[PDB]
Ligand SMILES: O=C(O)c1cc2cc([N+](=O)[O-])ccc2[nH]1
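Have a look below at one chain only, the form deposited without this ligand, in structure tokens format.
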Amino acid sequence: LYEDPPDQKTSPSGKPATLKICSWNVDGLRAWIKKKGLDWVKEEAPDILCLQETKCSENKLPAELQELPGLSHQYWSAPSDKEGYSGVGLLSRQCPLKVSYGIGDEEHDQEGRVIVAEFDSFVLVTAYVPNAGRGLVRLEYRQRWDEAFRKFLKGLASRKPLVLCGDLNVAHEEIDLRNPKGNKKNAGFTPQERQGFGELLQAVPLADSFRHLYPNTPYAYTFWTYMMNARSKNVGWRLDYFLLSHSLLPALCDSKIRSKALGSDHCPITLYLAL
């Protein structure tokens, strides 16, 4: 059902890509390292690697992350009460001008979900958005989060072009999941979450890089449940995105979905920019 097209590495004005960003929900940093996730990254050779759901719990990170001379500047954020839940990471070849954490909203900053890395010509934000939960028990909160996240990004974007990436926990449109009819009342595809995504795009403003480039391509997913071998039947959801300021659209070369990369229930996504 899906084969990501070849990497286009020149922007529309012919400028070659100078920045390769990779984002990946690793479903557990160590479990992922064990599944050989780091080798795939070594092959991808991105300049910036953004990781979501690291689930780290101790006073030390895996030694394997010290073997990356190409992604030597590493930033991490895990829950205040760090216990195998959530957690994000941002590893960069070059040193950002500034790395901050959270969105400046206490009640939304206790779960190690956001890292902001400011660069010369843009600000990068990696996020692991709160899942609405089984039985939608956390849907009211998620709407409060969406609202606060949106407003934070709108403010960052007002000072410098923005690139948001990560596992945003929402398949925006019907084309973003294999079973839209059966999930309208499940976390990730509720009207509230879909509205929230559409509202993020409108308010910042932000453009969905992959959909902007492949507006009619179906079956492009970044997550398949481990249950019932959904990855092999390509029964999935597109939950990971690279959202960008409109001002960055002429620098956009390509937004990829590395469907073949194993190591998690999410596959990595990659962005090429000519800055």
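Rigid core: the largest C-alpha set superposing within 1.5 Å between the two forms. Residue numbers run from 1 along the displayed sequence.
Separately, the form solved in complex with this ligand exists; it is not shown, and the next lines address it.
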Would you say the site is open or blocked once this ligand, modelled from its placement in the bound PDB entry, is overlaid by superposing the surrounding C-alphas? Use blocked for 3 or more ligand atoms within 2.4 Å of a backbone or C-beta atom. open
Among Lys154, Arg144, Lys184, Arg93, just one has a heavy atom within 4.5 Å of this ligand in the bound PDB entry, namely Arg93
Of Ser158, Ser80, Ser121, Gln202, the only residue with a heavy atom within 4.5 Å of this ligand in the bound PDB entry is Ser121
Tell me, please, which stretch of 56-64, 231-239, 40-48, 217-225 lies within 4.5 angstroms of this ligand in the bound PDB entry when heavy atoms are compared? 40-48
Does this ligand get within 4.5 angstroms of any non-hydrogen atom of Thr10 in the bound PDB entry? no
With the cut-off set at 4.5 Å between non-hydrogen atoms, does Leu275 touch this ligand in the bound PDB entry? yes
Does any part of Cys253 reach within 4.5 Å of this ligand in the bound PDB entry? Heavy atoms only, please. no
Contact with this ligand in the bound PDB entry for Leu19, defined as at least one heavy atom pair within 4.5 Å: yes or no? yes
If you fit the rigid core between this form and the one not shown, which of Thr225, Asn234, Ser57, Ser247 ends up with a C-alpha shift of 2 Å or more? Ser57
